[PDB]
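One chain follows as structure tokens, the form deposited in one PDB entry.
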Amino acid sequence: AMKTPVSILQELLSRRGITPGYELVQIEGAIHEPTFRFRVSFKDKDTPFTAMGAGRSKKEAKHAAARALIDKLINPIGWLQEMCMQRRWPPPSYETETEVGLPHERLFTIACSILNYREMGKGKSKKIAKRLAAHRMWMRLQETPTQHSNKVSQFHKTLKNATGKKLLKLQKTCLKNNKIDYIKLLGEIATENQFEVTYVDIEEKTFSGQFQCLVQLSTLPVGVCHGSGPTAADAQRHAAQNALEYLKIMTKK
């Protein structure tokens, strides 16, 4: 059944006497592979048949010669590995998956897996199993292989748009007079624009012997406006005055 045609022709002759003889016509060592061309003959007594055949292997050529006589009587591959070298990878590892228990007709199945996909190949020998698996895996991989200050200005513009009328009142009122309550109006802006104000008067005294306060805007940035005075309360009022200056110079457009 699955005998090779050289053995098939040998079987058809050995039942009728006669042993064939193979003679190599021509081998050709070209640029990338050599070709082999055999001639098979058939007796010297009664109808001396003959044929010739060729292939890229000696056994393939002998097989093709015998197959032609039966009909008468009726390369890199590692382009895959170069491509693996191109896309920054370790080399592939095809692995011997399984085999058939019969010794002379075992058809191997060999799988090649890498970090992306998995493929496999079945062959009459394990070498052609690797060729079919590597062709399928090559097919699989070749089918589907300051600005911070501007940001602060932007969301402070948004909180300005969420503030309300006290920004325009702040613009249209001179802050030189202390008759407008700085701390109270900053708290009004806090209640108005969903935030809170913070006042820090640190306990020590300066070289000038004065008091100072830092007002912190409890919003997204860190936020400090400074102020000082001879007393603690005047220092906190001047700090809220500088906070009003901050919101004022932010407001005008």
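For every residue, the number given is its place in the sequence shown, counted from 1. Superpose the two forms; the largest set of C-alphas matching within 1.5 Å is the rigid core.
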property: Size class of the missing deposited segment between residue 74 and residue 75; result: 10 or more
property: Missing from the model but present in the deposited sequence, between residue 145 and residue 146; result: 10 or more
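Omitted here: the form deposited in another entry. The next part is about that form.
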item: Flag for residue 180, CA shift 2 Å or larger between this form and the one not shown after aligning core; value: no
item: Cα displacement of residue 201 between this form and the one not shown reaching 2 Å, rigid core superposed; value: no
item: Yes/no, residue 192 Cα shift of 2 Å or more between this form and the one not shown with rigid core fixed; value: yes
